[PDB]
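Visitor: The sequence isn't on hand, but the structure is:
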């Protein structure tokens, strides 16, 4: 059933698979840096939380 | 004896060492801190922190001193020992920050144009 149309549809969805895989990899790297920012923020939050606790 | 200083920002730790005299100034006035000090909390004014030497300019800023925990919670803590260098660093980092805020958005929209054309060709292929 339109062998050429099937093969063009196969190549188009392979291209979308490649693009969404690249975007998955970019979001893995950005997730790594976002959890690095969270673990760099955490000692400030621990210290200000214990100061607010002891004062208030 | 020495006391352990650690100036802490929300972005991360800036300075951490063992300093004999800490000469921060509060909203009321000066404070000269030695090891064995009483536990006290005092908000810091927008000025340098005199550590005896390396001077640390803090912005926002809040001090709590225990006899080993004289740490400083600052919203913005420079290093270059001058009251206006934090303002110059903020003027530079605002520029770098909106350059990054535009770079991230245009990179996402380029990748999304690639995805939208690649799914256009899938929908046209039928």
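Guide: That came through, no problem. Residues are numbered from 1 along each chain as shown, chains lettered A, B, ... in the order given.
Visitor: Say whether chain A is contacted by stretch B:51-58.
Guide: No: applying Cβ under 8 Å from any Cβ of the partner chain, one finds stretch B:51-58 separated from chain A by no less than 13.1 Å. For the C-beta atoms, the positions are set from N, CA and C on the backbone; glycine is no exception.
Visitor: what secondary structure does the residue sitting nearest the centre point of chain A sit in?
Guide: The structure's chain A has its C-alpha centroid closest to residue A:27; by Cα atoms, centre = their mean the separation is 2.9 Å. The local conformation at residue A:27, judged by DSSP: H, G, I helix; E, B strand; the rest coil, is helix.
Visitor: now it: how far from chain B?
Guide: Computed as Cβ to the nearest Cβ, to the nearest Å, the residue A:27 to chain B distance reads 10 Å.
Visitor: Just the helices from chain A, written as ranges.
Guide: Secondary structure of chain A (DSSP state H): helices at A:3-55.
Visitor: For it, what lies in contact range of chain B?
Guide: So chain A meets chain B at A:5, A:8-9, A:12-13, A:15-16, A:19-20, A:22-23, A:26, A:40-41, A:43-45, A:47-48, A:51, A:55 (Cβ under 8 Å from any Cβ).
Visitor: quick one, domains of chain B?
Guide: Domain assignment for chain B by CATH domains of a matching chain gives B:1-83, B:84-126.
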